[PDB]
Amino acid sequence: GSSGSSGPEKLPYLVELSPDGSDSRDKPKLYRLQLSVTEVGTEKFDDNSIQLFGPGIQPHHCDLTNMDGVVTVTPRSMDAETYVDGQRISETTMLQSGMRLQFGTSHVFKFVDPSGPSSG
């Protein structure tokens, strides 16, 4: 119906992955996509926003909005190349745990949902 979700201890995060989409031998950065829209890029929109720095990155790349344990990548700029698992998007594209996110063909990240794939 219409109630909402409550689980700050199980929010979706983006674990930066290698430039090939592999798990390095070190600890990659993590960005817990907390409730509310999360603007990405090099610009600082929100206090707890995603600040990525790379050659070919923009200020307003995309905004991660968690709506009911659901997150969808929203490219604010067309120039900002956003590929979800090696697949470019052209609008709000639902994100799933495991799916990769290539930002400017350099900053690759892996989105994971600690909430759970609908029960489990």
# chains A, B, ... in the order shown; residues from 1 in each chain; ligands from 1
call {"tool": "select_by_dssp", "arguments": {"residues": "chain A", "states": "strand (DSSP E or B)", "output": "JSON, numbers by chain"}}
result
{"A": [13, 14, 15, 16, 17, 30, 31, 32, 36, 37, 38, 39, 62, 63, 64, 65, 66, 71, 72, 73, 74, 75, 82, 83, 84, 88, 93, 94, 95, 100, 101, 102, 103, 107, 108, 109, 110, 111, 112]}
call {"tool": "residues_around", "arguments": {"residues": "residue 34 in chain A", "least_positions_apart": "2", "cutoff": "9 Å", "atoms": "only C-alpha atoms", "output": "PyMOL selection string"}}
result
chain A and resi 8+11-13+31-32+36-38+48+65-66
call {"tool": "atom_distance", "arguments": {"atom1": "CA of residue 118 in chain A", "atom2": "CA of residue 97 in chain A"}}
result
11.8 Å
call {"tool": "atom_distance", "arguments": {"atom1": "CA of residue 44 in chain A", "atom2": "CA of residue 30 in chain A"}}
result
17.1 Å
call {"tool": "residues_around", "arguments": {"residues": "residue 105 in chain A", "least_positions_apart": "4", "cutoff": "12 Å", "atoms": "only C-alpha atoms", "output": "PDB file with N, CA, C and O atoms, in the first residue's frame"}}
result
ATOM      1  N   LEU A  17      34.826   0.126  -7.581  1.00  0.00           N
ATOM      2  CA  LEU A  17      35.476  -1.052  -8.129  1.00  0.00           C
ATOM      3  C   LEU A  17      36.572  -0.616  -9.105  1.00  0.00           C
ATOM      4  O   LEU A  17      36.594   0.532  -9.546  1.00  0.00           O
ATOM      5  N   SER A  18      37.454  -1.556  -9.413  1.00  0.00           N
ATOM      6  CA  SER A  18      38.549  -1.284 -10.328  1.00  0.00           C
ATOM      7  C   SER A  18      38.008  -0.673 -11.622  1.00  0.00           C
ATOM      8  O   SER A  18      36.796  -0.578 -11.810  1.00  0.00           O
ATOM      9  N   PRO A  19      38.960  -0.264 -12.505  1.00  0.00           N
ATOM     10  CA  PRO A  19      38.591   0.336 -13.777  1.00  0.00           C
ATOM     11  C   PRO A  19      38.088  -0.725 -14.758  1.00  0.00           C
ATOM     12  O   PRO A  19      37.632  -0.398 -15.852  1.00  0.00           O
ATOM     13  N   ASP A  20      38.189  -1.975 -14.331  1.00  0.00           N
ATOM     14  CA  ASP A  20      37.749  -3.086 -15.158  1.00  0.00           C
ATOM     15  C   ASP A  20      36.495  -3.710 -14.542  1.00  0.00           C
ATOM     16  O   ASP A  20      35.831  -4.531 -15.174  1.00  0.00           O
ATOM     17  N   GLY A  21      36.207  -3.296 -13.317  1.00  0.00           N
ATOM     18  CA  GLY A  21      35.044  -3.803 -12.610  1.00  0.00           C
ATOM     19  C   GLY A  21      35.404  -5.031 -11.770  1.00  0.00           C
ATOM     20  O   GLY A  21      34.645  -5.999 -11.722  1.00  0.00           O
ATOM     21  N   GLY A  54      37.542  12.857 -11.158  1.00  0.00           N
ATOM     22  CA  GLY A  54      38.172  12.145 -12.258  1.00  0.00           C
ATOM     23  C   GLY A  54      38.171  12.993 -13.532  1.00  0.00           C
ATOM     24  O   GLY A  54      37.384  13.931 -13.657  1.00  0.00           O
ATOM     25  N   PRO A  55      39.084  12.624 -14.469  1.00  0.00           N
ATOM     26  CA  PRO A  55      39.196  13.340 -15.728  1.00  0.00           C
ATOM     27  C   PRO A  55      38.039  12.985 -16.665  1.00  0.00           C
ATOM     28  O   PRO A  55      38.043  11.925 -17.288  1.00  0.00           O
ATOM     29  N   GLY A  56      37.076  13.892 -16.735  1.00  0.00           N
ATOM     30  CA  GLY A  56      35.916  13.689 -17.585  1.00  0.00           C
ATOM     31  C   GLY A  56      34.636  13.595 -16.753  1.00  0.00           C
ATOM     32  O   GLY A  56      33.600  13.153 -17.247  1.00  0.00           O
ATOM     33  N   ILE A  57      34.750  14.018 -15.502  1.00  0.00           N
ATOM     34  CA  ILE A  57      33.614  13.988 -14.596  1.00  0.00           C
ATOM     35  C   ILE A  57      32.984  15.380 -14.528  1.00  0.00           C
ATOM     36  O   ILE A  57      33.664  16.385 -14.738  1.00  0.00           O
ATOM     37  N   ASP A  79      26.020  14.620 -20.724  1.00  0.00           N
ATOM     38  CA  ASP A  79      27.450  14.485 -20.944  1.00  0.00           C
ATOM     39  C   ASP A  79      28.022  13.468 -19.954  1.00  0.00           C
ATOM     40  O   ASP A  79      28.877  12.660 -20.313  1.00  0.00           O
ATOM     41  N   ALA A  80      27.525  13.541 -18.728  1.00  0.00           N
ATOM     42  CA  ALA A  80      27.976  12.636 -17.684  1.00  0.00           C
ATOM     43  C   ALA A  80      27.603  11.201 -18.063  1.00  0.00           C
ATOM     44  O   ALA A  80      26.469  10.774 -17.852  1.00  0.00           O
ATOM     45  N   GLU A  81      28.579  10.497 -18.617  1.00  0.00           N
ATOM     46  CA  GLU A  81      28.368   9.119 -19.028  1.00  0.00           C
ATOM     47  C   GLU A  81      28.149   8.228 -17.804  1.00  0.00           C
ATOM     48  O   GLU A  81      29.016   8.136 -16.936  1.00  0.00           O
ATOM     49  N   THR A  82      26.986   7.594 -17.773  1.00  0.00           N
ATOM     50  CA  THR A  82      26.643   6.713 -16.670  1.00  0.00           C
ATOM     51  C   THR A  82      26.193   5.349 -17.197  1.00  0.00           C
ATOM     52  O   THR A  82      25.122   5.231 -17.789  1.00  0.00           O
ATOM     53  N   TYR A  83      27.034   4.353 -16.962  1.00  0.00           N
ATOM     54  CA  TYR A  83      26.736   3.001 -17.405  1.00  0.00           C
ATOM     55  C   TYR A  83      26.513   2.070 -16.212  1.00  0.00           C
ATOM     56  O   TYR A  83      27.413   1.872 -15.398  1.00  0.00           O
ATOM     57  N   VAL A  84      25.307   1.523 -16.146  1.00  0.00           N
ATOM     58  CA  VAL A  84      24.955   0.617 -15.067  1.00  0.00           C
ATOM     59  C   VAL A  84      25.244  -0.822 -15.499  1.00  0.00           C
ATOM     60  O   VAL A  84      24.389  -1.479 -16.091  1.00  0.00           O
ATOM     61  N   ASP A  85      26.451  -1.268 -15.186  1.00  0.00           N
ATOM     62  CA  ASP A  85      26.863  -2.618 -15.535  1.00  0.00           C
ATOM     63  C   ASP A  85      27.297  -2.650 -17.002  1.00  0.00           C
ATOM     64  O   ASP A  85      27.036  -3.623 -17.708  1.00  0.00           O
ATOM     65  N   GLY A  86      27.951  -1.576 -17.417  1.00  0.00           N
ATOM     66  CA  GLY A  86      28.423  -1.470 -18.787  1.00  0.00           C
ATOM     67  C   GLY A  86      27.276  -1.113 -19.736  1.00  0.00           C
ATOM     68  O   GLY A  86      27.383  -1.309 -20.946  1.00  0.00           O
ATOM     69  N   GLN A  87      26.206  -0.594 -19.151  1.00  0.00           N
ATOM     70  CA  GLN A  87      25.042  -0.208 -19.929  1.00  0.00           C
ATOM     71  C   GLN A  87      24.647   1.235 -19.612  1.00  0.00           C
ATOM     72  O   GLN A  87      24.267   1.547 -18.485  1.00  0.00           O
ATOM     73  N   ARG A  88      24.750   2.080 -20.629  1.00  0.00           N
ATOM     74  CA  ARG A  88      24.408   3.484 -20.473  1.00  0.00           C
ATOM     75  C   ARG A  88      22.905   3.641 -20.240  1.00  0.00           C
ATOM     76  O   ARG A  88      22.116   2.794 -20.656  1.00  0.00           O
ATOM     77  N   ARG A 100      27.045  -2.745 -11.587  1.00  0.00           N
ATOM     78  CA  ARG A 100      28.169  -1.825 -11.588  1.00  0.00           C
ATOM     79  C   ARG A 100      27.725  -0.447 -12.085  1.00  0.00           C
ATOM     80  O   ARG A 100      26.687  -0.321 -12.732  1.00  0.00           O
ATOM     81  N   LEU A 101      28.535   0.551 -11.763  1.00  0.00           N
ATOM     82  CA  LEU A 101      28.240   1.915 -12.168  1.00  0.00           C
ATOM     83  C   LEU A 101      29.530   2.598 -12.624  1.00  0.00           C
ATOM     84  O   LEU A 101      30.388   2.924 -11.804  1.00  0.00           O
ATOM     85  N   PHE A 109      31.787   1.770  -9.829  1.00  0.00           N
ATOM     86  CA  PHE A 109      31.295   1.448  -8.499  1.00  0.00           C
ATOM     87  C   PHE A 109      30.276   0.308  -8.552  1.00  0.00           C
ATOM     88  O   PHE A 109      29.629   0.096  -9.577  1.00  0.00           O
TER      89      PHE A 109
END
call {"tool": "residues_around", "arguments": {"residues": "residue 77 in chain A", "least_positions_apart": "2", "cutoff": "12 Å", "atoms": "only C-alpha atoms", "output": "list in words"}}
result
residues 39, 40, 41, 57, 58, 59, 60, 61, 62, 63, 73, 74, 75, 79, 80, 81, 82, 89, 90, 91, 103 and 104 of chain A
call {"tool": "closest_residue", "arguments": {"among": "A:42, A:53, A:35, A:10", "to": "residue 117 in chain A", "atoms": "only C-alpha atoms"}}
result
A:10
call {"tool": "atom_distance", "arguments": {"atom1": "CA of residue 78 in chain A", "atom2": "CA of residue 15 in chain A"}}
result
23.4 Å
call {"tool": "closest_residue", "arguments": {"among": "A:108, A:43, A:50, A:6", "to": "residue 22 in chain A", "atoms": "only C-alpha atoms"}}
result
A:108
